[PDB]
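The data block below is protein35.cif; it holds mmCIF, N, CA and C atoms.
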data_model
loop_
_atom_site.label_atom_id
_atom_site.label_comp_id
_atom_site.auth_asym_id
_atom_site.auth_seq_id
_atom_site.Cartn_x
_atom_site.Cartn_y
_atom_site.Cartn_z
N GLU X 898 39.79 10.33 103.85
CA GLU X 898 39.29 11.54 104.50
C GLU X 898 37.93 11.40 105.15
N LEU X 899 37.05 10.62 104.54
CA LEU X 899 35.81 10.28 105.21
C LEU X 899 36.04 9.28 106.29
N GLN X 900 37.13 8.54 106.19
CA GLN X 900 37.56 7.78 107.33
C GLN X 900 37.86 8.75 108.42
N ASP X 901 38.61 9.79 108.11
CA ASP X 901 39.42 10.42 109.12
C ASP X 901 38.48 11.28 109.92
N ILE X 902 37.55 11.89 109.22
CA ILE X 902 36.47 12.53 109.93
C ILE X 902 35.70 11.48 110.69
N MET X 903 35.37 10.35 110.07
CA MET X 903 34.58 9.40 110.82
C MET X 903 35.31 8.73 111.96
N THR X 904 36.58 8.99 112.08
CA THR X 904 37.36 8.54 113.19
C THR X 904 37.22 9.61 114.23
N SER X 905 37.12 10.85 113.74
CA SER X 905 37.01 12.04 114.54
C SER X 905 35.57 12.37 114.91
N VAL X 906 34.59 11.65 114.38
CA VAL X 906 33.20 11.78 114.78
C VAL X 906 32.61 10.45 115.16
N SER X 907 33.33 9.74 116.00
CA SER X 907 32.78 8.51 116.50
C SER X 907 31.61 8.87 117.39
N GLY X 908 31.71 9.99 118.11
CA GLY X 908 30.58 10.51 118.83
C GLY X 908 29.66 11.32 117.93
N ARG X 909 28.70 11.99 118.58
CA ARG X 909 27.68 12.85 117.97
C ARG X 909 26.81 12.09 116.96
N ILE X 910 26.84 10.77 117.08
CA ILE X 910 26.57 9.88 115.96
C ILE X 910 25.25 9.13 116.15
N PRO X 911 24.41 8.98 115.14
CA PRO X 911 23.38 7.96 115.24
C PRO X 911 23.97 6.64 114.77
N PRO X 912 24.15 5.66 115.66
CA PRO X 912 24.86 4.43 115.27
C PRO X 912 24.20 3.68 114.14
N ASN X 913 22.90 3.84 113.99
CA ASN X 913 22.18 3.26 112.86
C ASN X 913 22.76 3.79 111.56
N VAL X 914 22.96 5.10 111.52
CA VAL X 914 23.38 5.80 110.33
C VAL X 914 24.84 5.55 110.12
N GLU X 915 25.53 5.44 111.23
CA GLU X 915 26.92 5.09 111.24
C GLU X 915 27.09 3.69 110.71
N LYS X 916 26.26 2.80 111.17
CA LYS X 916 26.33 1.45 110.66
C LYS X 916 26.01 1.40 109.18
N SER X 917 25.16 2.30 108.71
CA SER X 917 24.91 2.35 107.28
C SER X 917 26.13 2.83 106.50
N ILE X 918 26.63 3.98 106.88
CA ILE X 918 27.77 4.55 106.18
C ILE X 918 29.01 3.73 106.36
N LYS X 919 29.18 3.15 107.53
CA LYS X 919 30.44 2.49 107.77
C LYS X 919 30.42 1.17 107.04
N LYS X 920 29.21 0.63 106.87
CA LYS X 920 29.03 -0.52 106.01
C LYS X 920 29.45 -0.17 104.61
N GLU X 921 28.94 0.94 104.11
CA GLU X 921 29.01 1.12 102.69
C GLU X 921 30.33 1.72 102.27
N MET X 922 31.05 2.37 103.19
CA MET X 922 32.45 2.67 102.92
C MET X 922 33.19 1.35 102.85
N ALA X 923 32.86 0.46 103.79
CA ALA X 923 33.39 -0.90 103.78
C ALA X 923 33.21 -1.50 102.40
N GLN X 924 32.11 -1.16 101.76
CA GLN X 924 31.83 -1.59 100.41
C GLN X 924 32.15 -0.57 99.34
N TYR X 925 32.72 0.57 99.70
CA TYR X 925 33.71 1.20 98.85
C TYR X 925 34.93 0.32 98.76
N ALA X 926 35.33 -0.22 99.90
CA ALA X 926 36.49 -1.09 99.95
C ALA X 926 36.22 -2.35 99.14
N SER X 927 35.01 -2.87 99.22
CA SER X 927 34.74 -4.05 98.41
C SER X 927 34.67 -3.72 96.93
N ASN X 928 34.10 -2.57 96.55
CA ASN X 928 33.98 -2.35 95.11
C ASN X 928 35.12 -1.56 94.52
N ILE X 929 36.10 -1.17 95.32
CA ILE X 929 37.24 -0.46 94.78
C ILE X 929 38.08 -1.43 93.98
N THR X 930 38.81 -0.89 93.02
CA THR X 930 39.67 -1.51 92.04
C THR X 930 38.81 -2.05 90.91
N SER X 931 37.51 -1.82 90.96
CA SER X 931 36.67 -1.96 89.80
C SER X 931 36.80 -0.71 88.97
N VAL X 932 36.55 -0.87 87.69
CA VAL X 932 36.56 0.24 86.77
C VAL X 932 35.37 1.13 87.10
N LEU X 933 34.33 0.56 87.73
CA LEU X 933 33.06 1.21 87.99
C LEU X 933 32.66 1.35 89.46
N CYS X 934 33.48 2.04 90.24
CA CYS X 934 33.16 2.29 91.65
C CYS X 934 32.98 3.78 91.87
N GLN X 935 31.77 4.18 92.29
CA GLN X 935 31.61 5.53 92.78
C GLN X 935 30.99 5.52 94.15
N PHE X 936 31.28 6.56 94.85
CA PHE X 936 30.73 6.79 96.15
C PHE X 936 29.21 6.96 96.03
N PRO X 937 28.41 6.37 96.94
CA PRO X 937 26.96 6.62 96.92
C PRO X 937 26.57 7.75 97.86
N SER X 938 27.20 8.87 97.54
CA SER X 938 26.98 10.19 98.07
C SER X 938 25.51 10.48 98.28
N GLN X 939 24.77 10.56 97.19
CA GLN X 939 23.36 10.90 97.32
C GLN X 939 22.62 9.92 98.21
N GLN X 940 23.00 8.64 98.20
CA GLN X 940 22.32 7.68 99.06
C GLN X 940 22.55 7.98 100.52
N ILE X 941 23.80 8.20 100.91
CA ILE X 941 24.05 8.44 102.33
C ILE X 941 23.44 9.74 102.76
N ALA X 942 23.55 10.76 101.93
CA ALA X 942 23.01 12.05 102.30
C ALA X 942 21.51 11.98 102.44
N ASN X 943 20.86 11.34 101.48
CA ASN X 943 19.42 11.26 101.50
C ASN X 943 18.97 10.48 102.72
N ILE X 944 19.69 9.41 103.02
CA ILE X 944 19.37 8.59 104.18
C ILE X 944 19.45 9.44 105.43
N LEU X 945 20.56 10.16 105.55
CA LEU X 945 20.74 11.10 106.64
C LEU X 945 19.58 12.04 106.72
N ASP X 946 19.07 12.42 105.58
CA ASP X 946 17.97 13.35 105.52
C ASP X 946 16.64 12.67 105.75
N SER X 947 16.60 11.34 105.68
CA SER X 947 15.55 10.60 106.35
C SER X 947 15.60 10.92 107.82
N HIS X 948 16.80 10.99 108.37
CA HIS X 948 16.83 11.27 109.78
C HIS X 948 16.76 12.75 110.05
N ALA X 949 16.87 13.57 109.00
CA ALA X 949 16.42 14.94 109.10
C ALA X 949 14.91 14.96 109.05
N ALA X 950 14.35 14.00 108.32
CA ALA X 950 12.92 13.86 108.17
C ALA X 950 12.32 13.59 109.52
N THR X 951 13.07 12.91 110.37
CA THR X 951 12.59 12.52 111.67
C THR X 951 13.00 13.48 112.77
N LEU X 952 14.20 14.05 112.70
CA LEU X 952 14.65 14.93 113.77
C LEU X 952 14.10 16.34 113.66
N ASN X 953 13.86 16.82 112.45
CA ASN X 953 13.87 18.26 112.16
C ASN X 953 12.69 19.01 112.76
N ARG X 954 11.76 18.35 113.43
CA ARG X 954 10.64 19.08 113.97
C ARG X 954 10.92 19.75 115.30
N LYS X 955 12.18 19.90 115.72
CA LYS X 955 12.44 20.08 117.15
C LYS X 955 13.48 21.13 117.49
N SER X 956 14.25 21.65 116.54
CA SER X 956 15.28 22.64 116.83
C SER X 956 16.31 22.09 117.80
N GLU X 957 16.45 20.78 117.83
CA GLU X 957 17.28 20.07 118.79
C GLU X 957 18.65 19.78 118.22
N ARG X 958 19.13 20.71 117.42
CA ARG X 958 19.87 20.31 116.24
C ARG X 958 21.12 21.11 115.96
N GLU X 959 21.72 21.77 116.93
CA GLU X 959 22.82 22.61 116.51
C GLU X 959 24.17 21.93 116.57
N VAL X 960 24.40 21.05 117.54
CA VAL X 960 25.42 20.03 117.34
C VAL X 960 25.09 19.20 116.11
N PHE X 961 23.84 18.76 116.00
CA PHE X 961 23.55 17.81 114.95
C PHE X 961 23.58 18.45 113.60
N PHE X 962 23.01 19.64 113.50
CA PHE X 962 23.02 20.33 112.24
C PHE X 962 24.46 20.55 111.82
N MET X 963 25.29 21.03 112.74
CA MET X 963 26.69 21.26 112.40
C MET X 963 27.54 20.00 112.23
N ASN X 964 27.01 18.81 112.49
CA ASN X 964 27.72 17.59 112.14
C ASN X 964 27.24 17.09 110.82
N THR X 965 25.99 17.37 110.55
CA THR X 965 25.40 17.07 109.28
C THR X 965 25.82 18.13 108.28
N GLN X 966 26.52 19.15 108.76
CA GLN X 966 27.07 20.19 107.95
C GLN X 966 28.46 19.73 107.67
N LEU Z 2278 -6.58 -19.01 85.23
CA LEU Z 2278 -5.73 -18.90 86.40
C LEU Z 2278 -5.49 -20.25 87.03
N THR Z 2279 -5.78 -21.34 86.32
CA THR Z 2279 -5.67 -22.64 86.95
C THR Z 2279 -4.22 -23.02 87.14
N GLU Z 2280 -3.37 -22.76 86.15
CA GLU Z 2280 -1.98 -23.18 86.26
C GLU Z 2280 -1.21 -22.10 86.99
N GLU Z 2281 -0.96 -22.30 88.28
CA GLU Z 2281 -0.08 -21.42 89.03
C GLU Z 2281 1.11 -22.34 89.21
N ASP Z 2282 2.32 -21.79 89.07
CA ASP Z 2282 3.55 -22.54 89.28
C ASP Z 2282 3.46 -23.83 88.46
N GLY Z 2283 3.00 -23.67 87.21
CA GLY Z 2283 2.89 -24.74 86.24
C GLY Z 2283 3.10 -24.28 84.82
N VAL Z 2284 2.45 -24.97 83.90
CA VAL Z 2284 2.41 -24.56 82.50
C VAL Z 2284 1.60 -23.29 82.38
N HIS Z 2285 2.26 -22.19 82.06
CA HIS Z 2285 1.63 -20.89 81.93
C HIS Z 2285 1.27 -20.63 80.48
N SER Z 2286 0.33 -19.71 80.27
CA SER Z 2286 -0.03 -19.37 78.92
C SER Z 2286 0.97 -18.42 78.28
N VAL Z 2287 0.78 -18.30 76.98
CA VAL Z 2287 1.63 -17.42 76.23
C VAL Z 2287 0.93 -16.09 76.18
N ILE Z 2288 -0.38 -16.05 76.45
CA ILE Z 2288 -1.00 -14.74 76.50
C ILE Z 2288 -0.37 -14.00 77.66
N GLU Z 2289 -0.12 -14.75 78.73
CA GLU Z 2289 0.58 -14.21 79.87
C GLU Z 2289 1.94 -13.76 79.43
N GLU Z 2290 2.60 -14.60 78.63
CA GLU Z 2290 3.93 -14.23 78.15
C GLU Z 2290 3.87 -12.97 77.31
N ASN Z 2291 2.85 -12.87 76.49
CA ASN Z 2291 2.69 -11.72 75.64
C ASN Z 2291 2.55 -10.48 76.47
N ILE Z 2292 1.73 -10.57 77.51
CA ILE Z 2292 1.49 -9.44 78.39
C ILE Z 2292 2.79 -9.04 79.04
N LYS Z 2293 3.58 -10.02 79.40
CA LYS Z 2293 4.89 -9.76 79.93
C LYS Z 2293 5.73 -9.03 78.89
N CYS Z 2294 5.59 -9.42 77.62
CA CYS Z 2294 6.30 -8.75 76.54
C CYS Z 2294 5.92 -7.28 76.49
N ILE Z 2295 4.65 -6.98 76.60
CA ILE Z 2295 4.28 -5.58 76.63
C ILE Z 2295 4.91 -4.91 77.83
N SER Z 2296 4.94 -5.60 78.95
CA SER Z 2296 5.54 -5.00 80.12
C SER Z 2296 7.00 -4.67 79.81
N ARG Z 2297 7.65 -5.60 79.13
CA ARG Z 2297 9.04 -5.48 78.70
C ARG Z 2297 9.19 -4.31 77.75
N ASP Z 2298 8.26 -4.22 76.84
CA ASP Z 2298 8.22 -3.19 75.83
C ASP Z 2298 8.04 -1.83 76.49
N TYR Z 2299 7.11 -1.77 77.43
CA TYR Z 2299 6.81 -0.53 78.12
C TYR Z 2299 7.96 -0.02 78.95
N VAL Z 2300 8.63 -0.91 79.66
CA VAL Z 2300 9.77 -0.48 80.45
C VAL Z 2300 10.85 0.03 79.53
N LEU Z 2301 11.00 -0.66 78.42
CA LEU Z 2301 12.03 -0.33 77.47
C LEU Z 2301 11.82 1.06 76.93
N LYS Z 2302 10.58 1.37 76.57
CA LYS Z 2302 10.27 2.70 76.07
C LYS Z 2302 10.51 3.74 77.14
N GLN Z 2303 10.22 3.41 78.40
CA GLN Z 2303 10.49 4.38 79.44
C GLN Z 2303 11.95 4.74 79.40
N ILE Z 2304 12.79 3.74 79.26
CA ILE Z 2304 14.21 4.00 79.19
C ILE Z 2304 14.56 4.83 77.97
N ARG Z 2305 13.88 4.58 76.86
CA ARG Z 2305 14.15 5.35 75.66
C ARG Z 2305 13.91 6.81 75.94
N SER Z 2306 12.82 7.09 76.61
CA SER Z 2306 12.49 8.44 76.97
C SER Z 2306 13.53 9.01 77.91
N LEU Z 2307 13.94 8.18 78.85
CA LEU Z 2307 14.87 8.57 79.88
C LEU Z 2307 16.20 8.99 79.28
N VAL Z 2308 16.68 8.19 78.33
CA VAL Z 2308 17.92 8.49 77.64
C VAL Z 2308 17.71 9.71 76.83
N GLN Z 2309 16.50 9.86 76.31
CA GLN Z 2309 16.19 11.01 75.50
C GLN Z 2309 16.39 12.27 76.31
N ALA Z 2310 15.90 12.29 77.55
CA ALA Z 2310 16.16 13.48 78.34
C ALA Z 2310 17.62 13.65 78.68
N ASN Z 2311 18.36 12.56 78.85
CA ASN Z 2311 19.74 12.67 79.35
C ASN Z 2311 20.65 11.70 78.62
N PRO Z 2312 20.88 11.93 77.32
CA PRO Z 2312 21.62 10.92 76.55
C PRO Z 2312 23.09 10.76 76.91
N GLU Z 2313 23.71 11.80 77.46
CA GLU Z 2313 25.13 11.81 77.81
C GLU Z 2313 25.56 10.77 78.83
N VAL Z 2314 24.61 10.33 79.63
CA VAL Z 2314 24.77 9.44 80.76
C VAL Z 2314 24.99 7.98 80.44
N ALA Z 2315 24.69 7.56 79.21
CA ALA Z 2315 24.68 6.16 78.80
C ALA Z 2315 25.89 5.44 79.35
N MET Z 2316 27.09 5.91 79.01
CA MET Z 2316 28.32 5.22 79.35
C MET Z 2316 28.34 4.87 80.82
N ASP Z 2317 28.04 5.86 81.66
CA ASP Z 2317 28.18 5.59 83.08
C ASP Z 2317 27.04 4.67 83.46
N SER Z 2318 25.90 4.87 82.83
CA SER Z 2318 24.81 3.94 83.02
C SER Z 2318 25.26 2.57 82.58
N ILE Z 2319 26.03 2.55 81.49
CA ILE Z 2319 26.52 1.32 80.88
C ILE Z 2319 27.51 0.59 81.77
N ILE Z 2320 28.49 1.29 82.34
CA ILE Z 2320 29.48 0.61 83.17
C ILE Z 2320 28.77 -0.33 84.14
N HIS Z 2321 27.71 0.16 84.77
CA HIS Z 2321 26.90 -0.65 85.66
C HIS Z 2321 26.14 -1.68 84.84
N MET Z 2322 25.75 -1.30 83.63
CA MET Z 2322 24.98 -2.17 82.75
C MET Z 2322 25.83 -3.36 82.36
N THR Z 2323 27.13 -3.17 82.36
CA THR Z 2323 28.04 -4.16 81.85
C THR Z 2323 28.40 -5.15 82.92
N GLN Z 2324 27.80 -4.99 84.08
CA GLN Z 2324 28.25 -5.62 85.30
C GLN Z 2324 27.88 -7.10 85.23
N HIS Z 2325 26.83 -7.36 84.45
CA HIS Z 2325 26.24 -8.58 83.93
C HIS Z 2325 27.04 -9.18 82.75
N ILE Z 2326 26.34 -9.62 81.69
CA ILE Z 2326 26.70 -10.19 80.38
C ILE Z 2326 28.06 -9.86 79.77
N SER Z 2327 28.72 -8.89 80.31
CA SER Z 2327 29.97 -8.28 79.94
C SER Z 2327 30.98 -8.95 79.02
N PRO Z 2328 31.44 -10.20 79.16
CA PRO Z 2328 32.39 -10.64 78.11
C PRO Z 2328 31.80 -10.75 76.72
N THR Z 2329 30.60 -11.29 76.62
CA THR Z 2329 29.88 -11.34 75.36
C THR Z 2329 29.56 -9.94 74.89
N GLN Z 2330 29.15 -9.12 75.86
CA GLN Z 2330 28.81 -7.73 75.59
C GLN Z 2330 30.02 -7.02 75.01
N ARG Z 2331 31.20 -7.34 75.54
CA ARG Z 2331 32.41 -6.85 74.92
C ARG Z 2331 32.51 -7.40 73.53
N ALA Z 2332 32.14 -8.66 73.34
CA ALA Z 2332 32.28 -9.19 72.00
C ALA Z 2332 31.52 -8.39 70.96
N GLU Z 2333 30.22 -8.13 71.15
CA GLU Z 2333 29.57 -7.32 70.12
C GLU Z 2333 30.13 -5.92 69.98
N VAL Z 2334 30.41 -5.24 71.09
CA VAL Z 2334 30.95 -3.89 70.94
C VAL Z 2334 32.29 -3.87 70.26
N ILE Z 2335 33.14 -4.80 70.65
CA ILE Z 2335 34.44 -4.92 70.03
C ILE Z 2335 34.22 -5.25 68.57
N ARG Z 2336 33.17 -6.04 68.25
CA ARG Z 2336 32.90 -6.28 66.84
C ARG Z 2336 32.71 -4.91 66.21
N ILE Z 2337 32.03 -4.04 66.93
CA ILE Z 2337 31.77 -2.71 66.47
C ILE Z 2337 32.97 -1.86 66.83
#

Rendering of file as structure tokens:
Amino acid sequence: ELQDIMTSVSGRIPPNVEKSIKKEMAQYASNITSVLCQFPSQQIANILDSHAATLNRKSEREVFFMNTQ
Amino acid sequence: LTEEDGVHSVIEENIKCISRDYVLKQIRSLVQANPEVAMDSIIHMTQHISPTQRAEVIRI
């Protein structure tokens, strides 16, 4: 499902952040079938919010806010 | 400070032991606030030493 949205949000995208998430889903794939694999939800979100840290001074954000939504 | 990348002192080692001790206590406190988490903390903890680690627990 995070694939499927991420297939459906190839645009609207910061490729840096995309490269981060798409890497680490890739490494959901690497760490899956372990007894101990969880999604690093908080990591991706927080990272994204690094880029909220950088974007948010501008109100430039209603496509972006609603994609980050 | 003469021996860098050589024969080091044990006072240095001792200081490292306190560092070890101090980190360990931090964790004690940490578990104290949130003891329920150990297992999940452990699954990752087991990612290392694990077969032997299974040996003592299985002993238990």

As lines of an AutoDock Vina configuration file, please report the centre and edge lengths, rounded to one decimal in Å, of the axis-aligned box that holds all listed atoms of stretch 2289-2297 of chain Z with 8 Å of padding on each of the six sides.
center_x = 4.5
center_y = -9.5
center_z = 77.9
size_x = 25.3
size_y = 26.4
size_z = 20.5

Dump as a short mmCIF file (atom, residue, chain, number, x, y, z; two decimals) with N, CA and C atoms, in the coordinates of the input the residues of chain Z that approach chain X to within 9 Å, counting only C-alpha atoms.
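Final file, part.cif:
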data_model
loop_
_atom_site.label_atom_id
_atom_site.label_comp_id
_atom_site.auth_asym_id
_atom_site.auth_seq_id
_atom_site.Cartn_x
_atom_site.Cartn_y
_atom_site.Cartn_z
N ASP Z 2317 28.04 5.86 81.66
CA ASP Z 2317 28.18 5.59 83.08
C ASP Z 2317 27.04 4.67 83.46
N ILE Z 2320 28.49 1.29 82.34
CA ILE Z 2320 29.48 0.61 83.17
C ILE Z 2320 28.77 -0.33 84.14
N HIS Z 2321 27.71 0.16 84.77
CA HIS Z 2321 26.90 -0.65 85.66
C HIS Z 2321 26.14 -1.68 84.84
N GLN Z 2324 27.80 -4.99 84.08
CA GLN Z 2324 28.25 -5.62 85.30
C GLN Z 2324 27.88 -7.10 85.23
#

key: Best match for closeness to residue X:917 among X:903, X:929, X:960, X:941, counting only C-alpha atoms   = X:941

task = Kindly indicate which residue among X:904, X:950, X:937, X:944 lies nearest to residue X:922, using all atoms listed in the file for the distances.
result =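 Of all the options, X:937 lies closest to residue X:922.
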
ask   = Taking only C-alpha atoms into account, which of X:951, X:906, X:913, X:923 comes nearest residue X:964?
value =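 Selected residue with least distance to residue X:964: X:906.
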